[PDB]
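Let us start with two forms of the same protein chain, each given on its own as structure tokens and named structure 1 and structure 2.
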Structure 1
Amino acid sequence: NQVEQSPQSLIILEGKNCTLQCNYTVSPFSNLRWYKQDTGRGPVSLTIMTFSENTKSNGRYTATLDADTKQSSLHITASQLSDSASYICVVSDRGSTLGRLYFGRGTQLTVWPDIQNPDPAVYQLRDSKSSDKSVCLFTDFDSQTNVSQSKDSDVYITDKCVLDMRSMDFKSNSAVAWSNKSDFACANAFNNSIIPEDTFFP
């Protein structure tokens, strides 16, 4: 590709800044853009810059260009959850109807919450017997805890998810495991994962 992006992917906590990189070999050069693409949606144009402009801002998004060295950076200030998305560098060779657009492969960005007071626990959730299942919920662990998918087509483990209780100023991570088979209990549902030592098992 004539447009390469760096890094391939990164994971950051909310509150922090980060910088994505675009390098190109497109010649001639007319303008450079940064798109944001949310999962399942179409890209949104964040910023356009011409060869003679250094820098362009859109909210907490600030793009930088050095046409001399064929390099642009997108800097994100005070990252929040919704920043989680794929960011695409696109370069155009000519500034008019006849120009072609060149898309980088994009950088995947994930933004996890900053959990100051973790309270890891594995709860069992009832109701149903609608489902011949048993649902376990691993919750309130901090963002460094990694949730590993288990290798039983009986035992299903989702990856981790951030939920935001806006009116309480409270955020939490959670992962859901379940299995119809009887040989299953929340005590060992998350065995394949490294849960914190102090995890509350009721």
Structure 2
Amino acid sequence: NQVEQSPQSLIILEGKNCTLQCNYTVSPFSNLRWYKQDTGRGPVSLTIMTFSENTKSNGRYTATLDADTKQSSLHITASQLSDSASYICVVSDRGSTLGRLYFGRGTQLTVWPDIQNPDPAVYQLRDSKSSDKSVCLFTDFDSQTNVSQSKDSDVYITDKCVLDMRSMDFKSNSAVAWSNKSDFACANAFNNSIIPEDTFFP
């Protein structure tokens, strides 16, 4: 690949700044672009910079170009949860019809909620009784907690998901677990996970 990006992936807390790198060997050089790609979506163009411009700004995104050393930086100011995406560096060699685009492999940025008051707990969600499933909710833990998969093929566990109650200015993690078997109870649902010692089991 003519276009290389750094880091491969990174995790930051919301409210913080971060810088992503891009280095290329593309000759000749016409322009450099930064793309934001959300999960299951097409890339969106953020900044296009020709060799003539050393800076470009798109809201909270600021791109830098040093065409001598063939390097670009993308700075995100005051990162937000919505910034969680793949960031692609793309380079063009010509601006004419005969030109071509070279795609870097991307940087995966995860922005975590800043959870000040973790209240970890595992709840049982009263069955619709229209369904035969039993559902357990592991919630309100901080993002340091990892949710492991079950050791049972009849038990399904989904990874931590960040929910955002914009009103109360409240964000929370949660993981869902469900099974059809009579064996299944919320006390043992997340037994394969390392959970906070003070997790509330009603």
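Whichever C-alpha set is largest while still superposing within 1.5 Å between the two forms counts as the rigid core. Numbers given to residues start at 1 and step along the sequence of structure 1.
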| query | finding |
| --- | --- |
| C-alpha of residue 96 moved at least 2 Å between structures 1 and 2 on rigid core | yes |
| Value in Å for the CA shift of residue 127 between structures 1 and 2, taken after the core is superposed | 2.7 |
| Per-residue C-alpha deviation between structures 1 and 2 [residue 112; rigid core superposition; Å] | 1.3 |
| Angstrom displacement of the CA atom of residue 194 between structures 1 and 2, core fixed | 0.8 |
